[PDB]
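Chain residues, written in single-letter form:
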Amino acid sequence: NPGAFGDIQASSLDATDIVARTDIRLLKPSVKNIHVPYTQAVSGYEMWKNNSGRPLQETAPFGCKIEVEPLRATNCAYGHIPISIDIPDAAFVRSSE
Amino acid sequence: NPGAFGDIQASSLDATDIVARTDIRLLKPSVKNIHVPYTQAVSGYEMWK
Amino acid sequence: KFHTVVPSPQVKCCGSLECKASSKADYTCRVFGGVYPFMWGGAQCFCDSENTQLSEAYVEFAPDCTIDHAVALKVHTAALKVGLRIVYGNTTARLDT
Amino acid sequence: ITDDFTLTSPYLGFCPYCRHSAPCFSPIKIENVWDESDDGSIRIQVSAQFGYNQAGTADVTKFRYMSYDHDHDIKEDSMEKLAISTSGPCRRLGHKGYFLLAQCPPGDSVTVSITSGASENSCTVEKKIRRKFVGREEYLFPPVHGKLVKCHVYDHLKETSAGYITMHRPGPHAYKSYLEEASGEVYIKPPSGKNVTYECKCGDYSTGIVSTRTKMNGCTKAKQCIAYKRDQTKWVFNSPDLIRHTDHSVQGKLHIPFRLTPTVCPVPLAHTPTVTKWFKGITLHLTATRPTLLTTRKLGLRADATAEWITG
Amino acid sequence: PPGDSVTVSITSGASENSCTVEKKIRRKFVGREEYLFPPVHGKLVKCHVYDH
Ligand SMILES: *[C@@H]1O[C@H](CO)[C@@H](O)[C@H](O)[C@H]1NC(C)=O
Ligand SMILES: *[C@@H]1O[C@H](CO)[C@@H](O)[C@H](O)[C@H]1NC(C)=O
């Protein structure tokens, strides 16, 4: 959508294939001077940047610590977990001892 | 009181004796360059002005 | 952020042209007639009706994009990984599961 | 594909602003800018070239020369006479290809000027220029002491590893002086020491190749007739101000100097606050000399996130 | 350019003689949007200015 986030797309940062739509209508040539008067709507990237909202880092519950390259959360605590534990009998000590 | 009017006092304009308290805590030295990084709250005089 | 393209125009001196098609993202073309372009050496060509001008426009990701790029992600099926330290009878163990 | 400099030549362009505040032709034409670097530096295009010798001169590179074209051909001059300003003088950082890297103060428009020893030739373009800083408080100048954090800026090294630009031969150049109606018929000059081609639409498509010779054609009116000072020897960067040659062929490329790279930058550690003790709460004492970002969030179910900007 | 005061100065070869006066100077433009610098392309409309 022209003027909206994600106006330009690409499967890869350098993929040859690209698609977009941002309301580019050409304008008639002006007086006596060769040029190309054009028109188009501002990038949705900058608009969304000005109003992207605050990062999730400052809004997640339970004090999540979030990192990008794994896109994971860490040291974020909530709930309970059952656990089953097997133990060698060697670690155990006879009572008389 | 740091950041408050009358943070600095003196019985005379040029009296040697003076007393104040404006939350001056020193800072650790920075990287490789000798200097004195310091910190302190704005004068209450300008604020009250 | 995107950078537009304004290629050198296709000007036919005292002839005719058309509005072709291309695979470029946001590719557009438009044509006009009866145009007298000028330039420092003078007027390159004038023909009251036979002159025609053809302009085209498209867009590509800006060179700085390589580092300013953002990406849209589809996430699902949250999975957990937990690191534990377990001590039994002064027998310590560091585990992750 | 290559990265040399001999095969390229500058070109003339149309600046909306000139030294006379009238949109006109200048060889210092520009097309866009880039200012994403955190340092506030700027990369600027131009039709001309410098950091090299005159494009076409035996020397491929001479950092004291600026390549530009005027009258009929390319010329030389010292790059020292060049200047940049948006709201004041701009300090040069580096130059390569057609492109220049330099820092400027905040402003609403940029301009590049140069004195040819007898006149001032300059071009102005419109751009929103502010002082964007990394961190959480927009400082004024970096302090000696602070925290070191990741940042992205343009490297002042002439070498680069980013970007791509097209290059191909230009269209014909039409010179008015080449056409004369002084004679009752069409009179033209290549002039002496040239190989000109000319066209005339009278009757039909008429063409004529004349080298160092004045020639005439049937249709006496010299207006509809057209002549070229064509050389078709140099490749140029695609620009809207230049007509497309019928070849419309991609013949070469070039890189863009002064790419963007990550690095480490310092930021201030503002006056930390004094903390009170409040019943099921807290009251704070924040102190600052500049706008600074603050925020907090709960550590349970309800985030209850909050953020604010504090000036003093 | 825009300013809040104007001044005229001249050097006699040995000293600077100048006079300043106060005046509100802004960039008033004709039309419906206050532009920044005139574009190459647009509409032509009546205007009033001092002839050089
Ligand atoms: C653990 O404690 C047992 C007795 O309870 C002792 O024999 C053993 O040496 C201890 N192991 C270590 C590593 O301290
Ligand atoms: C013009 O070019 C032709 C073909 O290369 C050549 O034979 C002729 O001598 C040239 N005339 C000049 C350079 O005056």
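Summarised in this report is the structure supplied together with it.

Definitions and limits used
- Residues numbered from 1 in each chain as written, not as in the entry; some residues may be left out.
- Chains lettered and ligands numbered in written order.
- Part of a larger assembly, values for the part shown.
- Heavy atoms only, no water.
- Helix = DSSP H or I, 4+ residues; strand = E, 2+ residues; numbered from the N terminus.
- Contact = heavy atoms within 4.5 Å.
- Areas by Shrake-Rupley, 256 points an atom, 1.4 Å probe, with all protein chains shown as cover.
- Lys, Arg positive; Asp, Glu negative; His and termini not counted.
- Charge placed at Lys NZ, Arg CZ, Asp CG, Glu CD.
- Patch = residues over 30% accessible without salt bridge, like charges linked within 9 Å, V, L, I, M, F, W, Y side chains within 5 Å.
- Salt bridge = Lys/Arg side-chain N within 4 Å of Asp/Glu carboxyl O.
- Buried < 20%, exposed > 50% of the residue type's maximum accessible area, 1.4 Å probe, protein only.
- Near = heavy atom within 4 Å.
- Polar contact = N/O pair within 3.5 Å; in protein donor to acceptor, adjacent residues only side chain to side chain.
- Nonpolar A, V, L, I, M, F, W, Y, C, P; charged D, E, K, R; others polar.
- Buried area = accessible area lost by both parts, 1.4 Å probe.
- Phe/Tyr/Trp six-rings, centres within 6.5 Å; stacked < 30°, edge-to-face > 60°.
- 1 Å grid on protein atoms, 1.4 Å probe; cavity = no way out; pocket = protein on both sides within 12 Å on 5 of 7 lines; lining within 4 Å.
- Points joined across faces, edges and corners; volume = space filled by probe spheres on them.
- Disulfide = S-S within 2.5 Å.

What to know about the overall build of chain B
A count of helical and extended segments in chain B gives one helix and two strands. Seen in sequence order, chain B has helices and strands lined up from the N terminus as β-β-α. Projected onto its principal axes, the C-alpha positions of chain B cover 40 × 25 × 15 Å. Sequence separation of 24 or more characterises 23% of the internal contacts of chain B that already satisfy a separation of 6 or more. For chain B, the accessible surface area stands at approximately 4,300 Å², while carbon and sulfur atoms represent 60% of it. The distance from the centre of the 5 positive side-chain charges to the centre of the 5 negative ones in chain B is 16 Å.

A look at a nonpolar patch on the surface
Taken together, the side chains of A:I81, A:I83, A:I85, A:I87, A:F92, C:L80, C:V82, C:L84, C:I86 and C:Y88 make up a nonpolar region of the molecular surface, amounting to roughly 970 Å² of accessible area. Judged by its relative accessible area of 32%, C:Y88 is partly exposed.

Details of the site of ligand 2
Residue and element names in this part refer to chain D. Near ligand 2 you find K194, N195, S211 and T212, and these make up its full shell. A distance of 3.4 Å separates an oxygen atom of ligand 2 from a polar atom in the backbone of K194. One of the side-chain N or O atoms of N195 is found 2.4 Å from an oxygen atom in ligand 2. Here ligand 2, which alone exposes 360 Å², has 28% of that area covered by the protein. Its residues assigned to classes, the shell around ligand 2 comprises no nonpolar, three polar and one charged.

Regarding the interface of chain C and chain D
On the side of chain D, 30 residues touch chain C, which itself brings 22 residues to the contact. If you sort the residues of chain C by the area they bury against chain D, C:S8, C:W40 and C:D64 come out on top, with a joint share of 28%. Note that D:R43 and C:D64 form a salt bridge whose closest N and O atoms lie 2.9 Å from each other. In this assembly, chain C and chain D are joined by seven residue pairs in polar contact. Secondary structure elements with two or more residues in the side of chain C that touches chain D: strand 4 (38-39) and strand 5 (42-43) of chain C. Each residue belonging to the side of chain C that touches chain D can be placed in one class, and the counts come to 14 nonpolar, six polar and two charged.

A few points about the environment of D:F5
Tracing the sequence through the fold places D:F5 in the segment before strand 1 (13-15). For D:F5, the residues in contact, after removing those within four places along its chain, are D:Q49, D:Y52, D:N53, D:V60 and D:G97.

Structural notes on the packing of aromatic side chains
Residues and elements named next belong to chain A. For the coordinates displayed, the defined rule picks out 12 aromatic pairs over all chains. Ring centres of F5 and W48 lie 4.8 Å apart, and the angle between their planes is 65 degrees; on these two criteria the pair is classed as edge-to-face. Here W48 lies in helix 1 (residues 44-50) and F5 lies in the segment before strand 1 (8-9), a separation of 43 residues in the sequence. Overall, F5 belongs to the partly exposed group, its relative accessible area being 44%. Overall, the relative accessible area of 36% leaves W48 in the partly exposed class. Centroid distance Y45 to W48: 6.4 Å. Interplanar angle 50 degrees. Geometry classified as tilted. Remark: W48 and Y45 occur in helix 1; sequence separation between them is three residues, near one turn of the helix.

Some remarks on the environment of B:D17
Counting through the fold element by element, B:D17 comes out in the loop between strand 1 (8-9) and strand 2 (19-20). Along the backbone, B:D17 and B:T39 are 22 residues apart, and their C-alpha atoms lie at a distance of 23 Å.

Observations concerning empty space enclosed by the protein
Taken as a whole, this structure holds eight cavities of 30 Å³ or more when the rule is applied. Each pocket or cavity is described by its volume, and for the largest cavity that value is around 210 Å³. Examining the composition of the lining of the largest cavity, we find that five residues originate from one element, strand 11 (residues 107-115) of chain D, more than from any other. Residue composition of the lining of the largest cavity, by class: 18 nonpolar, three polar and no charged. Its boundaries defined by the atoms lining it, the second largest cavity holds a volume of some 170 Å³. In terms of lining, the second largest cavity is formed by 21 residues, of which the most central are A:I24, A:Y38, C:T4, C:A57 and C:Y58.

Let's talk about the state of the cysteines
Residue and element names in this part refer to chain A. Counted under the stated rule, the structure contains 10 disulfides over all chains. Between the sulfur of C64 and that of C76 lies a disulfide, 2.0 Å long from S to S. Residues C64 and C76 are joined by a disulfide whose S-S torsion is about -70 degrees; by sign, that bridge is left-handed. Taken together, the residues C64 in the loop between helix 1 and strand 3 (65-67) and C76 in the segment after strand 4 (72-74) connect sequence positions 12 residues apart. Judged by its relative accessible area of 17%, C64 falls in the buried class. What makes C76 partly exposed here is its relative accessible area of 31%.

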